[PDB]
Amino acid sequence: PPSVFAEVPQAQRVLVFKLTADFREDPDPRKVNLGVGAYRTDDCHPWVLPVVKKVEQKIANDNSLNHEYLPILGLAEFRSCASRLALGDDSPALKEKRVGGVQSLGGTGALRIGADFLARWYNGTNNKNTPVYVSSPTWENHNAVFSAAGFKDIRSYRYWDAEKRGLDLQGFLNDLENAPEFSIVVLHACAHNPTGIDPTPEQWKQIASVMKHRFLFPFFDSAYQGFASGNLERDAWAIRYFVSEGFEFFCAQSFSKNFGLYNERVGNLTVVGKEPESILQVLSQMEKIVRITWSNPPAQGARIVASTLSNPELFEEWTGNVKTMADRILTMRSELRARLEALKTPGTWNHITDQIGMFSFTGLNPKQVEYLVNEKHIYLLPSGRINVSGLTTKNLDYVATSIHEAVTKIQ
Amino acid sequence: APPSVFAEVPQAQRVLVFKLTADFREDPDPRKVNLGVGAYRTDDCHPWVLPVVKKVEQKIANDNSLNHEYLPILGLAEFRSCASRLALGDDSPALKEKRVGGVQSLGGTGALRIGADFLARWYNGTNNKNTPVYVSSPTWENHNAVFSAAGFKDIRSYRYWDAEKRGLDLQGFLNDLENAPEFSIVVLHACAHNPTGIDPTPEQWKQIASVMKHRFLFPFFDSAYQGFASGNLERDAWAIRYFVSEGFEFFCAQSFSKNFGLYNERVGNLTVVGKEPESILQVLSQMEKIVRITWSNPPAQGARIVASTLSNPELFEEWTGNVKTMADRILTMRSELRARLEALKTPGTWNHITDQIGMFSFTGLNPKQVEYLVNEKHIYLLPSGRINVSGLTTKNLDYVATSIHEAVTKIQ
Ligand SMILES: Cc1ncc(COP(=O)(O)O)c(C=O)c1O
Ligand SMILES: Cc1ncc(COP(=O)(O)O)c(C=O)c1O
């Protein structure tokens, strides 16, 4: 009698995971990991935000708190603070009570329960054939999350232009123009992962024009608000524009990066509708999905975010911490670009500073990446994506020289 | 203007406890009692943060070396091994033989969901959504929903509660297992059956295991009350550990919501026991894929509290003392309620009040009798007759017992 698990195969390995394992085992003293999936300081360390440390101390010393179940949809002050952060204090959607918020297990959890809701209630009853459009390329897990919710038809829209090292707007618009009516479109609100290149506001207006015409459902992924540029309002421009254009949409918010709270799993699904009463019905269906997935959400991370966003002094301290990370990212991009151009590297390198956020498509091809990894011990994905916060004052000259060698030696 | 894309979304109905609690809240009658809270409450009707949890929370807050970087997908390693070791026992042969895996999950619900998702994909075939899933009659209100969300199309009941004798219908239970198709999944309450409170005895568990072994039934244990149920961690895990020694492969969804009082930190563990070490590693690799598309990786704070407690002998002993305090109060409320009903010469028998264990009790009242308690005496409980025993207090015990006496004598 064989094990009931005897035929269970070994799951496919994750590229990022193996890359970091390879870096860890590398004895070369020049090695650099540009494939970390989180913010790191100039000393290659994690950074707990000072405001988070401060609030955690307050929480630990607050004997009025208990551990009883949160509401299914989550902590009320977190949900309202989170949605207001995305939409702005003066949002007409908030004033008109057309907004709901579901606390979730990070951005991933928000995407999941939103996809589960759409797969049951959107565009008909249990309609799993609604096309879901993701960017080419996109965050690895987008396809997997929507597939897990049951969607049978995941498609891509053109986005990264590898020749221009920038946004292929014409291809993006043409793919949307050919999307079946009511298709779901997964949009990066700001700091596109993995490329770092965002549509400009003028480009967003062209994108919204096609989506409005073909009744496409925007599903925003907002994982980097404030973290991307240091400016919360600017990083929310596209979301707030879609509000004012009258779209109904979902917005999956993560607080993993902009609060540094990765392992407390703090997210919010913001829902924007045309009318207040059906938003309440959406929320009641979201409760059913939550109850059969994680029952109700954890308190610690949401309590930190809610306390920060609702205290004006903590809020201003937080914005300072976020600007510290955004400023470091900005500086590493400027310094890498400057050194590449000083070395007379072929090609253009303004994309390094045109992009925003912690991830950058360098424009290197897989053979050039293989040179960096194998001969220079600089670890990055074959896609050419780097974590810009993996660059430091101490390794910048080595990384820029190695990229110069990769570009000049390898076609 | 065109209609909202949400215009046809109907209102979902909320769980019975929400309405019961709002009705209680809005009741102006000063004698009112809420016997339908879904968590432990003290003799003063308040929540209880365990002292050991307060102490460990201080330790965590003062540990400057902790960061917030993503945990591994399967969770905090020290929590997973401590949780599985808590359920299986330090000297478990499965642990020594490396036949065990553990997945940190979002409470017991999250563990049930991940395990159900795995079974719906890899067990009894590939993508077999037709494997029958058996749950007790009655059972925890979300068992059906969780396995249905995993895709299972055939969710069945096994007889369990006998309303006439106020106890376990072991013969009906065993006959339902005998007729189950081979490889059917059976969701078993490890201890402190929810909602009834009545558990199989160890000798009754041996008969259950015999049928399940003969019919190749898959045990999916729900272990939400270990230690909390009786105050003794070893006794509360006896059924699980007997299934290990009988050679079963199985899942066990563990919750630390009750026995640590960490309800809102969502601390659970899915323990997997298999025949062979290397297929367990492949099971875990598939659990990672499922976690990745559900919550990506699990939260740290509650797991850190449990891990810190279970890995330190001094904290573990404080914790077991705290757990015994809750178990002893529940045990006392049961004994006092029974003694008061028998002193009032209440018709029927009432040893089921003390035969049951854990926070929840099927009182054996019928819906007409419950309706009296709610409408006339303002004692709030579910139409099934389930009460939360920790809703009883030294102050309300005579009013509740007197009211149950009235209900039983006035209404047939
Ligand atoms: C675009 C994008 N979506 C979703 C996520 C997942 O975030 P979380 O870890 O909060 O689930 C990430 C990273 O935070 C991301 O970059
Ligand atoms: C039998 C049973 N299973 C599962 C659960 C769910 O536990 P959690 O809140 O940790 O998800 C409960 C909690 O009381 C329960 O009683």
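Values below: every heavy atom of this structure, side chains too, minus hydrogens, waters and symmetry copies. Throughout, a chain's letter reflects where its sequence line sits, starting with A, and its residues are numbered from 1.
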Completion exercise
Separation between OG (B/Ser105) and CH2 (A/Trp294), nearest 0.5 Å, reads 13.5 Å
Practice task
Quick one: list whatever passes salt bridge (charged side-chain N to carboxylate O under 4.0 Å, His left out) with A/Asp198, sequence neighbours left out.
Solution key: none
Fill in the blank from the handout: For B/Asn128, the side chain to side chain donor-acceptor pair (under 3.5 Å) test, sequence neighbours excluded, returns B/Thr131
Problem - Sequence-distant partners of A/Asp153, salt bridge (charged side-chain N to carboxylate O under 4.0 Å, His left out), two or more places apart - result: A/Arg155
Handout entry: Contacts of A/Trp160 that satisfy ring pair (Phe, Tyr, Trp, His ring centres under 6.0 Å) - sequence neighbours left out
Key = A/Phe361
Problem - Contacts of type salt bridge (charged side-chain N to carboxylate O under 4.0 Å, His left out), residue A/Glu233, not counting sequence neighbours - result: none
Kindly list each side-chain donor-acceptor pair under 3.5 angstrom involving residues 164-172 of chain A, sequence neighbours excluded, with atom names and distances?
unit_1, atom_1, unit_2, atom_2, d
A/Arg165, NH1, A/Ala162, O, 3.2
A/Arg165, NH1, A/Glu163, O, 3.1
A/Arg165, NH2, A/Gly363, O, 3.3
A/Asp168, OD1, A/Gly171, N, 3.0

Practice task
Only counting residues at least two apart or in another chain, list the ones meeting ring pair (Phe, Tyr, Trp, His ring centres under 6.0 Å) with A/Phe182.
Solution key: A/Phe215
Handout entry: salt bridge (charged side-chain N to carboxylate O under 4.0 Å, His left out) contacts in which one or both residues fall within residues 349-361 of chain A, not counting sequence neighbours
Key = none
Problem - Gap separating the CG atom of A/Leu49 from the CG atom of A/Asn321, nearest 0.5 angstrom - result: 4.5 Å
Exercise for the section: Decide if atom CD of B/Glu8 counts as having more than 12 heavy atoms of other residues, nucleotides or ligands within a radius under 6.0 Å. Expected result: no
Fill in the blank from the handout: The ring pair (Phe, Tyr, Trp, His ring centres under 6.0 Å) partners of A/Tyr371 (sequence neighbours excluded) come to none
Practice task
State which residues pass side chain to side chain donor-acceptor pair (under 3.5 Å) with A/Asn374; sequence neighbours excluded, sorted by chain then number.
Solution key: none
Problem - Electrostatic pair B/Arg121:B/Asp117 at N-O distance under 4.0 angstrom - result: no
Handout entry: Distance in Å, A/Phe242 CZ paired with A/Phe247 CZ, rounded so as to fall on 0.5 Å steps
Key = 4.5 Å
Completion exercise
When rounded to the nearest 0.5 Å, the distance separating CD of A/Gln281 from OG of B/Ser4 is 11.0 Å
Problem - Passing option when A/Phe217 is tested against A/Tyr122, A/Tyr133, A/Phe117 for ring pair (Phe, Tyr, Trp, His ring centres under 6.0 Å) - result: A/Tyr122
Problem - Separation of A/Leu216 CG from A/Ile207 CD1 (nearest 0.5 Å) - result: 11.5 Å
Handout entry: Distance in Å, A/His351 NE2 paired with A/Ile197 CD1, rounded so as to fall on 0.5 Å steps
Key = 9.5 Å
Handout entry: For A/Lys205, all residues meeting salt bridge (charged side-chain N to carboxylate O under 4.0 Å, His left out), sequence neighbours excluded
Key = none
Exercise for the section: Just jot down the ring pair (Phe, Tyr, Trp, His ring centres under 6.0 Å) partners of A/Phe219, sequence neighbours excluded, or say none. Expected result: A/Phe146, A/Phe250
